[PDB]
């Protein structure tokens, strides 16, 4: 009967959907750390600087 | 069995997803050239100018 064949494919459908879910989570986690670090590094880059007061010679 | 019907629809699902992918790429490529040209033309527009030095009559 059709009942047996339906159950077999059902298991396969669940496993496939889990794979595509894993890709999206892993990619978002990788891009999270890069975007956070870039923002913090740029903030330090703009604000920091050195200034010359006076120059003397002998 | 359900196995035969699943494979047929699978092929159709792949082909449909390719269509929507093509739209997004083609649109982004069209907007790329317009945005690039607008920026370059405006830069030339602001910087360029003529100046009058002196006027003499007879």
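How far apart are the residue A:27 label points across copies, placing each 7 Å from Cα toward Cβ, in nm, shortest first?
Here the equivalent label points are 1.8 nm apart from this one.
So if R0 is 35 Å, what FRET efficiency would residue A:15 and residue B:23 give, r being the distance between their Cβ atoms, rounded to the nearest 0.05?
Efficiency at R0 = 35 Å is approximately 0.70.
At 25 °C and 0.890 mPa s, what whole-number value in µm²/s does Stokes-Einstein give for the translational diffusion of the protein assembly as shown, with Rh from the Kirkwood sum over Cα pairs?
106 µm²/s
Tell me, for the rotation carrying A onto B, which chain A residue has the beta-carbon closest to the axis and what that distance is in whole Å.
Its Cβ sits closest to the axis: A:2, 2.
Within 10 Å of each Cβ in peptide A:22-35, how many partner chain Cβ atoms are there on average? Round it to a whole number, please.
Shielding by partners across A:22-35 averages 0.
By average Cβ neighbour count within 10 Å, what is the ranking of A:14-27, A:42-55 from highest down?
The most tightly packed comes first, giving A:14-27, A:42-55.
Give me the base-10 log of I(q)/I(0) for chain B at each q in 0.22, 0.27, 0.31 Å⁻¹, Debye formula, one uniform scatterer per Cα, rounded to two decimals.
Normalising to I(0) and taking log10 leaves -0.91, -1.03, -1.11.
Averaged over its residues, how many other protein chain Cβ atoms are within 10 Å of peptide A:4-10's Cβ atoms?
Mean inter-chain Cβ contacts per residue within 10 Å come to 3.
I'd like the FRET efficiency for residue A:54 and residue B:47, computed as 1/(1 + (r/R0)^6) with the beta carbon distance as r and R0 of 25 Å, rounded to 0.05.
The formula returns an efficiency of 0.10 here.
May I ask you to report, in nm to one decimal and beginning with the shortest, the distances from residue B:45 to the same position in the other copies, taking label points 7 Å along Cα-to-Cβ?
Spacings between copies for this position, smallest first, are 3.0 nm.
If you average the C-alpha positions of chain A and of the range B:1-56 separately, how far apart do those two centres end up, in angstrom?
So the separation of the two Cα centres works out to 25 Å.
Backbone-built Cβ (ideal geometry, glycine too); neighbour counts: all protein chains shown. Each value in this text was obtained by applying a stated rule to the coordinates, not by laboratory testing.
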